[PDB]
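To begin, one chain is listed below as structure tokens, in the form deposited in one PDB entry.
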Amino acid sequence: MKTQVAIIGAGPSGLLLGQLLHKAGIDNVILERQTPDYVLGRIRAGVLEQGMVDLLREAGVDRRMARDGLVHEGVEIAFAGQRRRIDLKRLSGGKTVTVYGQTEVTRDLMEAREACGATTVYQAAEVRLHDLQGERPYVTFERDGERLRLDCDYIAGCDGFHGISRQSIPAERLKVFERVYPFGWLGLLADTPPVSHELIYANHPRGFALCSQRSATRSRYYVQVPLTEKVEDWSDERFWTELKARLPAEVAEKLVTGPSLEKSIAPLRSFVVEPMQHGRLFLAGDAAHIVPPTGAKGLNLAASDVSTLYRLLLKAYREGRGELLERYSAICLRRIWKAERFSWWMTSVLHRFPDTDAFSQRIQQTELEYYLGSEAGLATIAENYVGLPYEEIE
């Protein structure tokens, strides 16, 4: 087969770019390993910064999110004493965030893609990339025994962390940087029970807790836990009792529990490859970098790069030129780092590491006091939470 851009990866990155390109007139084919269920059972993110919203806007998840997603103007951060509110809008120069839900923005892209007639080879095992640095790359997947060959012009890796694009890049051509943090996150998606209205972030000595939403009668909760320590060991009841355990007056008559919408899980780290490019391969999303879940970045990360991948593709196709397309990893790496940074700070002011000496934790307490206190303090939080500015081009 022949298409322009061949996408390995039907997660949201893969879909947006596909679902961006299509609208412009640059035929793409999504190449996905799994079934349209398994990707849809994947319950992750809830927070999308604007720009990834405007992006969705500049395509399609207008209808349903304009319709169904809580737009939020603040967060709260509690830290042994009390709850402290941020007011993102008046701190951020006037921006905010929407809690739509990852698995939803994903079902809409599979929705809208389905009706355009744009190609998507699901259950495609053995994907392989051939001819990267070449003038005509080609991708190869098995749909039987039936080894097929798709010649494209450009291959965009939206494979995710455990993808095959990244590895298919001559290692000496790459530069990794990564921190595997010592604790995972235990999620608990429950729906019957109503939430506590804004996001509550928490620095309790038993570890970190996080009350979140998906709907107005749908909750998303997490509590920091050590590694590989089994979930088969957690419980609804054992969850409800520990979450409760790390909160204030938000936690009792106020909180309502229930059995978990059979969603419960794990893990976190920071990782980044440099460069995000090879010949005609382009990594996007989790293929390229990994940021701790704590600053609601990652999907928001993948949107901002899927953005450059696409505008850079317009000019290639539509204008004449695009070696500008070499300047991609350049634009994207700027933002990935201020974002990686924002992510670790959050990670480390809120989390409880096995180590601290009364200085490190003395330091840890004081920085919260300072940032949650100073207006200059607070605006550094706000500014990064909603999203730093986006990007250059030309």
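So that there is no doubt, residue numbering starts at 1 and follows the sequence shown. Shifts are known only where both forms have a C-alpha. Under this definition, the rigid core comprises the largest set of C-alpha atoms superposing within 1.5 Å between the forms.
Form deposited in another entry: not shown, discussed below.
Engineer: Superposing on the core, which single option in 173, 84, 263, 107 has a CA shift of 2 Å or more between this form and the one not shown?
Structural biologist: Residue with a C-alpha shift of 2 Å or more: 263.
Engineer: By the 2 angstroms cut-off, has the C-alpha of residue 253 moved between this form and the one not shown once the rigid core is superposed?
Structural biologist: Result for residue 253: yes, a 2 Å-plus shift.
Engineer: Does the distance between the two CA positions of residue 195 reach 2 Å or more between this form and the one not shown, the core being superposed?
Structural biologist: Where the cores coincide, residue 195 still shows a C-alpha shift between this form and the one not shown that is 2 Å or more.
Engineer: Given a change of 3 Å or more, say if the Cα atoms of residue 194 and residue 85 sit closer or farther in the other entry than in this form.
Structural biologist: It is closer: the C-alpha separation of residue 194 and residue 85 falls by at least 3 Å in the other entry.
Engineer: Assuming the CA distance changes by 3 angstroms or more, are residue 214 and residue 250 closer together or farther apart in the other entry compared with the shown structure?
Structural biologist: They are farther apart; the C-alpha distance rises by 3 Å or more in the other entry.
Engineer: Give me the residue ranges between this form and the one not shown where at least 3 consecutive Cα atoms each move 2 Å or more, fitting on the core only.
Structural biologist: Flagged stretches (3+ res, CA at least 2 Å): 192-195, 249-253, 262-266.
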